[PDB]
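Here is the structure we will look at, set down as C-alpha cells.
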Amino acid sequence: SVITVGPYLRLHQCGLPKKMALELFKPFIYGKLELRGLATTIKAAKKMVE
Amino acid sequence: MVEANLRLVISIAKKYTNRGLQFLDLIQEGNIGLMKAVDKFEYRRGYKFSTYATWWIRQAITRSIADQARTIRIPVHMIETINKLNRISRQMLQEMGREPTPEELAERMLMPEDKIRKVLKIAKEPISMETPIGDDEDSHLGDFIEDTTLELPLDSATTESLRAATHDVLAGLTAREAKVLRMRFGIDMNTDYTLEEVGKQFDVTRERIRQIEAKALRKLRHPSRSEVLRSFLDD
Amino acid sequence: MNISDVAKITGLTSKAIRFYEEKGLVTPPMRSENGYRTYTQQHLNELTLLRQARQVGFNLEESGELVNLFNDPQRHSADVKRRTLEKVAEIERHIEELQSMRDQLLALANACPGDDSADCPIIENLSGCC
DNA sequence: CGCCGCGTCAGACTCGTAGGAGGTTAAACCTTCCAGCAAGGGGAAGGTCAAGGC
DNA sequence: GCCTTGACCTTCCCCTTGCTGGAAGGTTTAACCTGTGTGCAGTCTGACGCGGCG
Ligand SMILES: [Cu+2]
C-alpha cells in the first residue's frame with residue numbers, strides 16, 4: 001500500500017487499512033468460525049465472510 | 001557424377017532458402033537428390049543428365065520442407081491446400097484491392113466453408129514461451145501463464161471435510177447398509193462392486209438389494225442429519 | 001491390369017471392385033509388388049457379369065453365384081434360367097404389391113379435397129383417433 | 001624475455017503499462033482404414049413395475 | 001427383515017443391404033538452367049588471461 005502518518009501512535013503500533021487484513025487473516029477466521037459453531041464448514045464460513 | 005553437378009543443387013536450394021527452414025539440410029537433401037538421380041539413370045535418351053536429376057531433386061526437397069519445418073505435423077495434402085489457397089489469395093488481393101471472403105474463394109476454388117475455417121484455425125504457428133511481452137525486457141510471457149491444472153487447497157480441504165462428515169454419518173446408519181454401500185459405491189477400497197456381485201458376496205438377492213438401497217435413502221433422508229451436507233448440498 | 005482402366009472399362013470404380021472382392025464375388029486378382037490389383041480379361045468378364053447381374057436384380061450373393069456359374073464351364077443352362085424365372089416371379093410380386101399400395105394412396109389422395117384445410121381427411125384416415 | 005594484441009566477462013531493487021506477426025516454393029496415379037446411411041432387429045446387463053411366504 | 005417371483009424398462013454393443021466419402025501415406029515426369037553472402041554491426045569498457053611474438 002501507500003503510507004501516511006499516525007501522529008498519535010504508540011510507535012510499536014502500526015497503521016493498517018482493514019480489508020487488506022481481512023484477506024490476510026482469512027483461513028484463520030474460517031477455522032475460528034468452525035470452532036465457534038457459527039459456520040461449521042468452509043463455504044458456510046466463506047458466505048458469512050463475504 | 002555426385003561431384004559433377006553440386007552447384008545446380010546449391011543454386012536451387014538457395015532459390016528455395018527463401019526462408020522455409022535453413023541452408024545446409026536443404027542442400028543435403030539435394031545431395032540425396034543427386035544420388036538417386038544418378039543411381040538409376042537412363043542414358044539412351046540422349047539428353048543432359050542434369051535436368052532429369054533436377055526435377056527429382058526438386059521433389060525430394062519440396063517434400064522435406066513440408067514434412068518437417070513444424071513441430072506440429074501437418075501432412076502434405078493440407079500443405080498444398082494452403083499453398084494454392086494463397087496462390088488464389090494474391091490475385092483476389094489484386095482484382096479486389098481488398099482481402100478475400102471465405103465464400104468467394106470457396107466459389108473460385110469450388111469447395112466448402114468449414115474446411116477454410118479449420119484451415120485458418122490450423123494454419124498458424126506457436127509463439128515462443130519467452131517472448132518479450134514487456135515494453136523493454138520487463139518480463140517475458142512466462143509470468144503471464146497459469147497452472148490451471150492441479151488443485152485448490154480450499155476445495156481440497158473441503159473434500160476432506162466432505163469425507164469426514166460422510167463416514168461420520170455412515171457410522172450413524174446400519175452396519176450392513178453402511179458397509180455394503182461403502183463397497184457398492186467403492187468407498188474404503190480401490191474398486192467398485194455392483195448389484196449382483198455385492199449380492200453373491202453377501203447372498204443371492206437382487207431386488208431386495210435395491211430395496212435396501214431405498215431403505216438407506218430413507219434412513220439418510222431424515223431432515224436432522226442432512227445438515228452436515230445441507231451445505232455440501234451447494235458443494 | 002491397370003485398376004482405373006479396368007474400372008472405367010466396367011464402368012465401376014476401384015472401391016466398388018474392392019467391395020466385391022471383399023465379398024468374394026470374383027476370381028482373386030493378384031497384386032503387384034507395389035500393390036496394384038492385377039486384374040485380367042477373366043476379371044474383365046467376371047466384373048461385367050457381376051455388373052449387369054444387379055442391374056438385372058441379382059444381389060451380391062446370387063451375382064457371386066453367377067460368377068460361379070461362369071467360372072463353372074460345367075454349368076447347366078437350366079438352373080440359370082430357373083433362377084432367371086424365379087427372379088421374374090419375385091419382380092412380379094413386387095410390381096403387384098407396389099401397385100396395390102399405389103391404389104391405396106390414390107384412393108386416399110383423390111378422396112382429399114386439397115382445400116388447404118385443417119380438414120385434411122388423409123391424415124385422419126391414417127391416424128387412429130376419434 | 002616484456003610486450004602487443006585479442007578475447008571474456010561484469011555492469012542495484014519493487015510496483016505496475018499494452019497485447020502484438022510475417023513473405024513464398026507441381027501434378028498425377030496408386031495403396032489401406034474407418035464413419036456413415038437407411039430401418040430397424042438381436043441381445044447383454046443392470047435394473048424396476050408390482051406382489052407375495054415367513 | 002430373510003427370500004424370490006413374474007414381468008416390465010432403459011441403456012449399450014453388435015448385426016443385417018450397397019456402397020460412398022473421407023484421411024493418411026506412398027512413387028515417378030527427360031528442353032534446360034552449375035561458389036552464398038545480403039544485411040548484420042555499430043565500434044561500451046576496464047580488469048584480467050594468455051598466445052604469440054621479441
Ligand atoms: Cu387433406
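Going by the C-alpha cells order, chains are called A, B, ..., each with residues numbered from 1, while ligands are numbered from 1 in the order shown.
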Task: Near-ligand residues for ligand 1, threshold 9 Å, only C-alpha atoms (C1' of nucleotides) and all ligand atoms, as a PyMOL selection string - done: chain C and resi 108-109+111-124
Residues of chain E within 10 Å of chain B: nearest atom pair and distance (Å, one decimal) for each, counting only C-alpha atoms (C1' of nucleotides), sorted by chain and number, as CSV?
```
residue,atom,partner,partner_atom,distance
E:2,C1',B:208,CA,9.9
E:3,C1',B:205,CA,7.8
E:4,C1',B:205,CA,7.9
E:23,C1',B:77,CA,9.8
E:24,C1',B:75,CA,8.0
E:25,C1',B:75,CA,9.2
E:28,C1',B:56,CA,8.8
E:29,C1',B:55,CA,8.1
E:30,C1',B:52,CA,5.6
E:31,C1',B:51,CA,8.4
E:32,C1',B:51,CA,6.7
E:33,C1',B:8,CA,8.0
E:34,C1',B:7,CA,4.2
E:35,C1',B:7,CA,7.4
E:36,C1',B:14,CA,7.9
```
Export N, CA, C and O atoms (P, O5', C5', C4', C3', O3' and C1' of nucleotides) of the chosen residues as a tab-separated table (two decimals), in the first residue's frame?
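File again.tsv, as written:
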```
chain	number	residue	atom	x	y	z
E	2	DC	P	-32.39	-58.02	5.72
E	2	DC	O5'	-32.66	-59.60	5.85
E	2	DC	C5'	-32.61	-60.40	4.69
E	2	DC	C4'	-32.75	-61.88	5.03
E	2	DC	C3'	-32.96	-62.78	3.81
E	2	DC	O3'	-31.74	-63.45	3.47
E	2	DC	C1'	-34.80	-63.02	5.34
E	3	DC	P	-31.64	-64.33	2.13
E	3	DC	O5'	-32.83	-63.79	1.22
E	3	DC	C5'	-32.93	-64.20	-0.13
E	3	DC	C4'	-34.12	-65.12	-0.33
E	3	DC	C3'	-34.87	-64.96	-1.66
E	3	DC	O3'	-34.28	-65.76	-2.69
E	3	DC	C1'	-36.42	-64.89	0.12
E	4	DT	P	-33.21	-65.14	-3.71
E	4	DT	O5'	-34.10	-64.61	-4.94
E	4	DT	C5'	-34.73	-65.54	-5.81
E	4	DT	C4'	-35.91	-66.18	-5.14
E	4	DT	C3'	-37.07	-66.52	-6.06
E	4	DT	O3'	-37.85	-67.57	-5.51
E	4	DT	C1'	-37.75	-64.83	-4.62
E	23	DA	P	-10.91	-34.99	-45.29
E	23	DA	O5'	-9.85	-36.03	-44.70
E	23	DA	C5'	-9.94	-36.45	-43.35
E	23	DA	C4'	-8.90	-37.49	-43.02
E	23	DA	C3'	-7.47	-37.05	-43.30
E	23	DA	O3'	-6.75	-36.86	-42.08
E	23	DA	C1'	-7.91	-39.25	-44.19
E	24	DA	P	-5.30	-36.17	-42.09
E	24	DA	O5'	-4.29	-37.38	-42.37
E	24	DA	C5'	-4.27	-38.49	-41.49
E	24	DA	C4'	-3.47	-39.65	-42.08
E	24	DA	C3'	-2.04	-39.30	-42.52
E	24	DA	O3'	-1.09	-40.09	-41.81
E	24	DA	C1'	-3.18	-40.54	-44.18
E	25	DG	P	0.48	-39.79	-41.94
E	25	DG	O5'	0.93	-40.60	-43.22
E	25	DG	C5'	0.75	-41.99	-43.24
E	25	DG	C4'	1.05	-42.55	-44.61
E	25	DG	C3'	2.33	-42.05	-45.25
E	25	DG	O3'	3.43	-42.89	-44.92
E	25	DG	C1'	0.52	-42.41	-46.80
E	28	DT	P	9.26	-45.47	-58.00
E	28	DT	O5'	9.46	-43.97	-58.45
E	28	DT	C5'	10.03	-43.70	-59.69
E	28	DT	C4'	8.98	-43.29	-60.69
E	28	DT	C3'	9.51	-42.37	-61.80
E	28	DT	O3'	9.09	-42.80	-63.08
E	28	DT	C1'	7.65	-41.37	-60.73
E	29	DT	P	9.80	-42.21	-64.39
E	29	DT	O5'	9.04	-40.83	-64.66
E	29	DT	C5'	9.65	-39.85	-65.46
E	29	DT	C4'	8.61	-38.99	-66.14
E	29	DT	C3'	9.16	-37.88	-67.01
E	29	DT	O3'	8.28	-37.59	-68.10
E	29	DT	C1'	8.00	-36.92	-65.22
E	30	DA	P	8.74	-36.65	-69.32
E	30	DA	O5'	10.16	-37.22	-69.76
E	30	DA	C5'	10.72	-36.88	-71.03
E	30	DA	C4'	11.57	-35.63	-70.93
E	30	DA	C3'	12.60	-35.47	-72.03
E	30	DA	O3'	12.94	-34.10	-72.22
E	30	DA	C1'	13.61	-36.25	-70.00
E	31	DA	P	12.11	-33.21	-73.26
E	31	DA	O5'	12.86	-31.79	-73.27
E	31	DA	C5'	13.65	-31.36	-74.40
E	31	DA	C4'	15.01	-30.84	-73.97
E	31	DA	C3'	15.35	-31.02	-72.51
E	31	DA	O3'	16.74	-30.97	-72.32
E	31	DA	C1'	14.49	-28.81	-73.01
E	32	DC	P	17.35	-31.29	-70.87
E	32	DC	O5'	17.85	-29.86	-70.35
E	32	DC	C5'	19.04	-29.30	-70.89
E	32	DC	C4'	19.28	-27.89	-70.40
E	32	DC	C3'	19.32	-27.76	-68.89
E	32	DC	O3'	20.25	-26.77	-68.50
E	32	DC	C1'	17.48	-26.51	-69.73
E	33	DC	P	21.81	-27.14	-68.36
E	33	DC	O5'	22.49	-25.79	-67.88
E	33	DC	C5'	22.08	-24.54	-68.43
E	33	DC	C4'	21.42	-23.65	-67.38
E	33	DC	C3'	21.78	-23.96	-65.91
E	33	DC	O3'	22.02	-22.77	-65.20
E	33	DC	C1'	19.45	-23.93	-66.15
E	34	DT	P	23.48	-22.11	-65.23
E	34	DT	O5'	24.44	-23.31	-64.85
E	34	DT	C5'	25.66	-23.04	-64.23
E	34	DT	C4'	25.54	-23.22	-62.74
E	34	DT	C3'	26.85	-23.14	-61.98
E	34	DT	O3'	26.64	-22.76	-60.62
E	34	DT	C1'	26.11	-25.39	-62.08
E	35	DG	P	27.74	-21.88	-59.86
E	35	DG	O5'	27.70	-22.41	-58.35
E	35	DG	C5'	28.85	-22.31	-57.54
E	35	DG	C4'	28.58	-21.51	-56.30
E	35	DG	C3'	28.67	-20.02	-56.49
E	35	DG	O3'	27.75	-19.34	-55.64
E	35	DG	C1'	30.57	-20.85	-55.26
E	36	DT	P	26.52	-18.55	-56.30
E	36	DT	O5'	25.52	-18.28	-55.09
E	36	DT	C5'	25.88	-17.37	-54.06
E	36	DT	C4'	25.15	-17.73	-52.78
E	36	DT	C3'	24.83	-16.59	-51.84
E	36	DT	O3'	23.73	-16.95	-51.03
E	36	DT	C1'	26.33	-17.96	-50.77
```
- [ ] Could you list, as a PyMOL selection string, the residues of chain B having an atom within 12 Å of chain A when counting only C-alpha atoms?
- [x] chain B and resi 153-162+164-165+227-235
- [ ] Tell me which of C:17, C:56, C:1, C:12 sits closest to residue C:40, counting only C-alpha atoms.
- [x] C:1
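Proximity to stretch 57-61 of chain C at 9 Å, evaluated using only C-alpha atoms (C1' of nucleotides) and with sequence-adjacent residues fewer than 6 positions away removed, yields residues 20, 23, 25, 50, 87 and 91 of chain C; 18 of chain E.
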- [ ] With a distance cut-off of 12 Å and only C-alpha atoms (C1' of nucleotides), select the neighbouring residues of residue C:63, excluding the residue or stretch itself and same-chain residues fewer than 5 positions from it, and output the selection as a list in words.
- [x] residues 20, 23, 24, 25, 26, 46, 47, 48, 49, 50, 51, 52, 53, 54, 55, 56, 57, 58, 68, 69, 70, 80, 83 and 84 of chain C
Would you mind exporting N, CA, C and O atoms of the selected residues as a JSON list (two decimals), in the first residue's frame?
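Result went into part-v1.json, see below:
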```
[["chain", "number", "residue", "atom", "x", "y", "z"],
["C", 20, "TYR", "N", -16.52, -55.78, -53.88],
["C", 20, "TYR", "CA", -16.97, -57.05, -54.42],
["C", 20, "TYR", "C", -15.96, -58.14, -54.10],
["C", 20, "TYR", "O", -16.34, -59.28, -53.79],
["C", 23, "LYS", "N", -16.37, -59.19, -50.68],
["C", 23, "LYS", "CA", -17.47, -60.14, -50.60],
["C", 23, "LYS", "C", -17.20, -61.42, -51.39],
["C", 23, "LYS", "O", -18.10, -62.25, -51.53],
["C", 24, "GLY", "N", -15.98, -61.60, -51.90],
["C", 24, "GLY", "CA", -15.57, -62.85, -52.50],
["C", 24, "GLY", "C", -16.33, -63.15, -53.77],
["C", 24, "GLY", "O", -16.64, -64.31, -54.07],
["C", 25, "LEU", "N", -16.60, -62.11, -54.55],
["C", 25, "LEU", "CA", -17.56, -62.19, -55.64],
["C", 25, "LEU", "C", -16.92, -62.41, -57.01],
["C", 25, "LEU", "O", -17.65, -62.40, -58.01],
["C", 26, "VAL", "N", -15.61, -62.60, -57.08],
["C", 26, "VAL", "CA", -14.91, -62.83, -58.34],
["C", 26, "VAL", "C", -13.71, -63.73, -58.08],
["C", 26, "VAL", "O", -13.40, -64.09, -56.94],
["C", 46, "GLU", "N", -15.76, -61.35, -65.54],
["C", 46, "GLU", "CA", -16.38, -61.56, -64.23],
["C", 46, "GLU", "C", -17.03, -60.28, -63.73],
["C", 46, "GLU", "O", -18.15, -60.31, -63.21],
["C", 47, "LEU", "N", -16.36, -59.15, -63.90],
["C", 47, "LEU", "CA", -16.89, -57.90, -63.39],
["C", 47, "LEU", "C", -18.03, -57.39, -64.24],
["C", 47, "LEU", "O", -18.96, -56.78, -63.71],
["C", 48, "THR", "N", -18.00, -57.65, -65.54],
["C", 48, "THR", "CA", -19.12, -57.22, -66.38],
["C", 48, "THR", "C", -20.36, -58.07, -66.09],
["C", 48, "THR", "O", -21.49, -57.56, -66.03],
["C", 49, "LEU", "N", -20.16, -59.38, -65.88],
["C", 49, "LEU", "CA", -21.23, -60.25, -65.40],
["C", 49, "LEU", "C", -21.80, -59.74, -64.07],
["C", 49, "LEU", "O", -23.01, -59.52, -63.95],
["C", 50, "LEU", "N", -20.92, -59.52, -63.08],
["C", 50, "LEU", "CA", -21.34, -59.05, -61.76],
["C", 50, "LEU", "C", -21.93, -57.65, -61.82],
["C", 50, "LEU", "O", -22.69, -57.25, -60.93],
["C", 51, "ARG", "N", -21.58, -56.89, -62.86],
["C", 51, "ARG", "CA", -22.14, -55.57, -63.07],
["C", 51, "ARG", "C", -23.59, -55.66, -63.46],
["C", 51, "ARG", "O", -24.47, -55.09, -62.80],
["C", 52, "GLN", "N", -23.87, -56.35, -64.56],
["C", 52, "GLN", "CA", -25.24, -56.37, -65.07],
["C", 52, "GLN", "C", -26.13, -57.29, -64.24],
["C", 52, "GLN", "O", -27.36, -57.22, -64.35],
["C", 53, "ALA", "N", -25.54, -58.13, -63.38],
["C", 53, "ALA", "CA", -26.33, -59.03, -62.56],
["C", 53, "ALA", "C", -27.30, -58.28, -61.64],
["C", 53, "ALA", "O", -28.46, -58.68, -61.49],
["C", 54, "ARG", "N", -26.84, -57.19, -61.02],
["C", 54, "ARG", "CA", -27.69, -56.46, -60.08],
["C", 54, "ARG", "C", -28.57, -55.45, -60.81],
["C", 54, "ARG", "O", -29.70, -55.18, -60.38],
["C", 55, "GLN", "N", -28.06, -54.86, -61.89],
["C", 55, "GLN", "CA", -28.92, -54.03, -62.72],
["C", 55, "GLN", "C", -30.11, -54.83, -63.21],
["C", 55, "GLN", "O", -31.22, -54.30, -63.33],
["C", 56, "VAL", "N", -29.89, -56.11, -63.50],
["C", 56, "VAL", "CA", -30.97, -57.06, -63.63],
["C", 56, "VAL", "C", -31.72, -57.27, -62.32],
["C", 56, "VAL", "O", -32.96, -57.24, -62.31],
["C", 57, "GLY", "N", -31.01, -57.48, -61.21],
["C", 57, "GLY", "CA", -31.64, -57.64, -59.91],
["C", 57, "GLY", "C", -30.99, -58.65, -58.99],
["C", 57, "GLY", "O", -31.48, -58.88, -57.89],
["C", 58, "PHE", "N", -29.91, -59.28, -59.44],
["C", 58, "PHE", "CA", -29.23, -60.29, -58.64],
["C", 58, "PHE", "C", -28.35, -59.59, -57.63],
["C", 58, "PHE", "O", -27.52, -58.75, -57.98],
["C", 68, "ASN", "N", -19.80, -67.63, -60.20],
["C", 68, "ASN", "CA", -19.53, -69.06, -60.02],
["C", 68, "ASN", "C", -19.97, -69.84, -61.26],
["C", 68, "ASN", "O", -19.25, -70.72, -61.74],
["C", 69, "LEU", "N", -21.16, -69.52, -61.77],
["C", 69, "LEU", "CA", -21.65, -70.16, -63.00],
["C", 69, "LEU", "C", -20.65, -69.99, -64.13],
["C", 69, "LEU", "O", -20.27, -70.96, -64.79],
["C", 70, "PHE", "N", -20.21, -68.75, -64.37],
["C", 70, "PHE", "CA", -19.26, -68.51, -65.44],
["C", 70, "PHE", "C", -17.96, -69.26, -65.21],
["C", 70, "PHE", "O", -17.45, -69.94, -66.10],
["C", 80, "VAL", "N", -29.69, -71.88, -64.35],
["C", 80, "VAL", "CA", -29.56, -70.47, -64.69],
["C", 80, "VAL", "C", -30.92, -69.88, -65.05],
["C", 80, "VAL", "O", -31.36, -68.89, -64.46],
["C", 83, "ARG", "N", -33.48, -69.72, -62.24],
["C", 83, "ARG", "CA", -33.29, -68.60, -61.33],
["C", 83, "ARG", "C", -33.66, -67.28, -61.99],
["C", 83, "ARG", "O", -34.20, -66.39, -61.32],
["C", 84, "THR", "N", -33.40, -67.16, -63.29],
["C", 84, "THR", "CA", -33.92, -66.04, -64.06],
["C", 84, "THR", "C", -35.42, -65.92, -63.87],
["C", 84, "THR", "O", -35.96, -64.82, -63.68]]
```
TODO: Considering only C-alpha atoms (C1' of nucleotides), return as an MDAnalysis selection string whatever protein or nucleic-acid residues lie within 12 Å of residue B:145, sequence-local ones (same chain, fewer than 4 positions apart) excluded.
DONE: chainID B and resid 129:130 140:141 149
TODO: Give me the residues within 12 Å of residue D:2 as a list in words, counting only C-alpha atoms (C1' of nucleotides) and dropping any in the same chain fewer than 2 places off.
DONE: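 Close residues of residue D:2: residues 4 of chain D; 53 and 54 of chain E.
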- [ ] Name the residues of stretch 90-163 of chain B that fall into helix (DSSP H, G or I) according to DSSP on the backbone, using the chain letters and numbers of this document, as a VMD selection string.
- [x] chain B and resid 90 to 96 102 to 109 113 to 122 141 to 144 153 to 163
TODO: Find the residues near stretch 19-26 of chain A: any atom within 9 Å, counting only C-alpha atoms (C1' of nucleotides), skip ones fewer than 4 places away on the same chain, and give them as a PyMOL selection string.
DONE: chain A and resi 30-31+49
Please save N, CA and C atoms of the selected residues as a JSON list (two decimals), in the first residue's frame.
```
[["chain", "number", "residue", "atom", "x", "y", "z"],
["A", 30, "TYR", "N", -11.76, -18.61, 9.14],
["A", 30, "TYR", "CA", -12.54, -19.77, 8.76],
["A", 30, "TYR", "C", -12.50, -20.84, 9.85],
["A", 31, "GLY", "N", -11.30, -21.16, 10.32],
["A", 31, "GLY", "CA", -11.17, -22.12, 11.39],
["A", 31, "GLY", "C", -11.90, -21.69, 12.65],
["A", 49, "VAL", "N", -18.49, -14.65, 5.43],
["A", 49, "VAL", "CA", -17.36, -13.73, 5.35],
["A", 49, "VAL", "C", -17.56, -12.72, 4.24]]
```
Find the nearest atom pair between each residue of chain C and chain E for residues within 9 Å, count only C-alpha atoms (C1' of nucleotides), give distances in Å to one decimal, sort rows by chain and ascending number, and present the table as CSV.
```
residue,atom,partner,partner_atom,distance
C:15,CA,E:19,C1',8.8
C:16,CA,E:19,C1',7.4
C:19,CA,E:19,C1',8.1
C:60,CA,E:18,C1',8.7
```
Open item on the list: When you count only C-alpha atoms (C1' of nucleotides), which of these residues is closest to chain C: D:38, D:30, D:10, D:1?
Closed with: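 Once distances to chain C are computed over only C-alpha atoms (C1' of nucleotides), the minimum belongs to D:30.
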Provide as a PDB file with N, CA and C atoms (P, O5', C5', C4', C3', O3' and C1' of nucleotides), in the first residue's frame the residues of chain D at most 9 Å from chain B, counting only C-alpha atoms (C1' of nucleotides).
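selection.pdb, written as the output of this step:
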```
ATOM      1  P    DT D  17      -1.447  -3.009 -14.777  1.00  0.00           P
ATOM      2  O5'  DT D  17      -1.408  -1.907 -15.941  1.00  0.00           O
ATOM      3  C5'  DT D  17      -0.270  -1.064 -16.086  1.00  0.00           C
ATOM      4  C4'  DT D  17      -0.230  -0.422 -17.458  1.00  0.00           C
ATOM      5  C3'  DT D  17      -0.383  -1.397 -18.614  1.00  0.00           C
ATOM      6  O3'  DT D  17      -1.738  -1.397 -19.074  1.00  0.00           O
ATOM      7  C1'  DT D  17       1.626  -0.093 -18.888  1.00  0.00           C
ATOM      8  P    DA D  18      -2.484  -2.761 -19.482  1.00  0.00           P
ATOM      9  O5'  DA D  18      -2.196  -2.893 -21.042  1.00  0.00           O
ATOM     10  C5'  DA D  18      -2.880  -2.068 -21.970  1.00  0.00           C
ATOM     11  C4'  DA D  18      -2.330  -2.286 -23.362  1.00  0.00           C
ATOM     12  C3'  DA D  18      -2.318  -3.746 -23.809  1.00  0.00           C
ATOM     13  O3'  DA D  18      -3.483  -4.063 -24.592  1.00  0.00           O
ATOM     14  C1'  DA D  18      -0.110  -2.839 -23.958  1.00  0.00           C
ATOM     15  P    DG D  19      -4.837  -4.574 -23.881  1.00  0.00           P
ATOM     16  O5'  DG D  19      -5.311  -5.824 -24.766  1.00  0.00           O
ATOM     17  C5'  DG D  19      -4.569  -7.046 -24.762  1.00  0.00           C
ATOM     18  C4'  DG D  19      -3.682  -7.137 -25.988  1.00  0.00           C
ATOM     19  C3'  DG D  19      -3.363  -8.563 -26.479  1.00  0.00           C
ATOM     20  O3'  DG D  19      -3.909  -8.749 -27.795  1.00  0.00           O
ATOM     21  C1'  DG D  19      -1.430  -7.170 -26.475  1.00  0.00           C
ATOM     22  P    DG D  20      -3.722 -10.128 -28.602  1.00  0.00           P
ATOM     23  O5'  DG D  20      -2.848  -9.722 -29.887  1.00  0.00           O
ATOM     24  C5'  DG D  20      -2.344  -8.384 -30.038  1.00  0.00           C
ATOM     25  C4'  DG D  20      -1.136  -8.339 -30.954  1.00  0.00           C
ATOM     26  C3'  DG D  20      -0.483  -9.679 -31.242  1.00  0.00           C
ATOM     27  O3'  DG D  20      -1.111 -10.308 -32.354  1.00  0.00           O
ATOM     28  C1'  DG D  20       1.155  -7.950 -30.839  1.00  0.00           C
ATOM     29  P    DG D  23       2.787 -10.940 -45.182  1.00  0.00           P
ATOM     30  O5'  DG D  23       3.636 -10.340 -46.394  1.00  0.00           O
ATOM     31  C5'  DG D  23       4.986 -10.674 -46.534  1.00  0.00           C
ATOM     32  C4'  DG D  23       5.219 -11.445 -47.810  1.00  0.00           C
ATOM     33  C3'  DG D  23       4.377 -12.689 -47.986  1.00  0.00           C
ATOM     34  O3'  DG D  23       4.405 -13.127 -49.347  1.00  0.00           O
ATOM     35  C1'  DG D  23       6.562 -13.267 -47.259  1.00  0.00           C
ATOM     36  P    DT D  24       3.594 -14.433 -49.817  1.00  0.00           P
ATOM     37  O5'  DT D  24       4.735 -15.422 -50.348  1.00  0.00           O
ATOM     38  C5'  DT D  24       5.651 -14.973 -51.340  1.00  0.00           C
ATOM     39  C4'  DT D  24       6.427 -16.130 -51.954  1.00  0.00           C
ATOM     40  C3'  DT D  24       5.580 -17.329 -52.414  1.00  0.00           C
ATOM     41  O3'  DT D  24       5.548 -17.401 -53.839  1.00  0.00           O
ATOM     42  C1'  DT D  24       6.942 -17.922 -50.556  1.00  0.00           C
ATOM     43  P    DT D  25       4.931 -18.688 -54.579  1.00  0.00           P
ATOM     44  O5'  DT D  25       6.095 -19.784 -54.508  1.00  0.00           O
ATOM     45  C5'  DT D  25       6.022 -20.947 -55.323  1.00  0.00           C
ATOM     46  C4'  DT D  25       7.057 -21.984 -54.904  1.00  0.00           C
ATOM     47  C3'  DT D  25       6.501 -23.361 -54.556  1.00  0.00           C
ATOM     48  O3'  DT D  25       6.415 -24.190 -55.718  1.00  0.00           O
ATOM     49  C1'  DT D  25       8.355 -22.695 -53.142  1.00  0.00           C
ATOM     50  P    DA D  26       5.952 -25.724 -55.576  1.00  0.00           P
ATOM     51  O5'  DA D  26       4.832 -25.908 -56.707  1.00  0.00           O
ATOM     52  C5'  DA D  26       3.882 -26.969 -56.599  1.00  0.00           C
ATOM     53  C4'  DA D  26       3.519 -27.520 -57.962  1.00  0.00           C
ATOM     54  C3'  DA D  26       2.224 -28.315 -58.012  1.00  0.00           C
ATOM     55  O3'  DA D  26       1.104 -27.482 -58.293  1.00  0.00           O
ATOM     56  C1'  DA D  26       3.973 -29.424 -59.231  1.00  0.00           C
ATOM     57  P    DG D  46     -25.802 -57.374 -14.127  1.00  0.00           P
ATOM     58  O5'  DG D  46     -26.334 -56.146 -13.252  1.00  0.00           O
ATOM     59  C5'  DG D  46     -25.587 -54.945 -13.174  1.00  0.00           C
ATOM     60  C4'  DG D  46     -26.390 -53.796 -13.730  1.00  0.00           C
ATOM     61  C3'  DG D  46     -27.414 -53.210 -12.758  1.00  0.00           C
ATOM     62  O3'  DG D  46     -27.077 -51.874 -12.412  1.00  0.00           O
ATOM     63  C1'  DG D  46     -28.384 -53.643 -14.918  1.00  0.00           C
ATOM     64  P    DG D  47     -27.786 -51.138 -11.169  1.00  0.00           P
ATOM     65  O5'  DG D  47     -28.877 -52.177 -10.630  1.00  0.00           O
ATOM     66  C5'  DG D  47     -30.172 -51.716 -10.220  1.00  0.00           C
ATOM     67  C4'  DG D  47     -31.073 -51.565 -11.426  1.00  0.00           C
ATOM     68  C3'  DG D  47     -32.528 -51.228 -11.180  1.00  0.00           C
ATOM     69  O3'  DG D  47     -32.749 -49.838 -10.917  1.00  0.00           O
ATOM     70  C1'  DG D  47     -32.157 -52.650 -13.089  1.00  0.00           C
ATOM     71  P    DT D  48     -34.075 -49.413 -10.114  1.00  0.00           P
ATOM     72  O5'  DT D  48     -34.835 -48.348 -11.030  1.00  0.00           O
ATOM     73  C5'  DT D  48     -35.368 -48.736 -12.290  1.00  0.00           C
ATOM     74  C4'  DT D  48     -36.743 -49.424 -12.212  1.00  0.00           C
ATOM     75  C3'  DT D  48     -37.498 -49.418 -10.859  1.00  0.00           C
ATOM     76  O3'  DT D  48     -38.677 -48.596 -10.965  1.00  0.00           O
ATOM     77  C1'  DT D  48     -37.598 -51.565 -11.952  1.00  0.00           C
TER      78       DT D  48
END
```
TODO: Rounded to one decimal place, report the atom CA of residue B:180-atom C1' of residue E:10 distance in Å.
DONE: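 It comes out at 25.1 Å.
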Task: At most 12 Å to chain C: residues in chain D, only C-alpha atoms (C1' of nucleotides), as a list in words - done: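 Result, ordered by chain then number: residues 29, 30, 31 and 32 of chain D.
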The selected residues should be written to file as a compact mmCIF listing (two decimals), in the first residue's frame (atoms: N, CA, C and O atoms (P, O5', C5', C4', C3', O3' and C1' of nucleotides)).
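out16.txt written:
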```txt
# COMPACT_ATOMS: atom_id res chain seq x y z
P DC D 29 -3.33 -39.24 -64.78
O5' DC D 29 -2.87 -40.62 -64.12
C5' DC D 29 -3.43 -41.03 -62.91
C4' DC D 29 -2.63 -42.14 -62.29
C3' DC D 29 -3.44 -43.15 -61.49
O3' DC D 29 -3.66 -44.31 -62.26
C1' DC D 29 -1.51 -42.39 -60.24
P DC D 30 -4.64 -45.45 -61.70
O5' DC D 30 -3.73 -46.25 -60.66
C5' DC D 30 -4.18 -46.45 -59.33
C4' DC D 30 -3.03 -46.77 -58.42
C3' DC D 30 -3.45 -47.37 -57.10
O3' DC D 30 -3.47 -48.78 -57.18
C1' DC D 30 -1.86 -45.60 -56.76
P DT D 31 -4.45 -49.62 -56.24
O5' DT D 31 -3.85 -49.42 -54.78
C5' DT D 31 -2.93 -50.36 -54.27
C4' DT D 31 -2.45 -49.98 -52.89
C3' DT D 31 -3.45 -50.18 -51.79
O3' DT D 31 -3.48 -51.51 -51.36
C1' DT D 31 -2.33 -48.10 -51.52
P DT D 32 -4.72 -52.01 -50.47
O5' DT D 32 -4.57 -51.19 -49.12
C5' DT D 32 -3.52 -51.50 -48.23
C4' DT D 32 -3.80 -50.91 -46.87
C3' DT D 32 -5.04 -51.44 -46.19
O3' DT D 32 -4.86 -51.51 -44.78
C1' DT D 32 -5.31 -49.13 -46.60
```
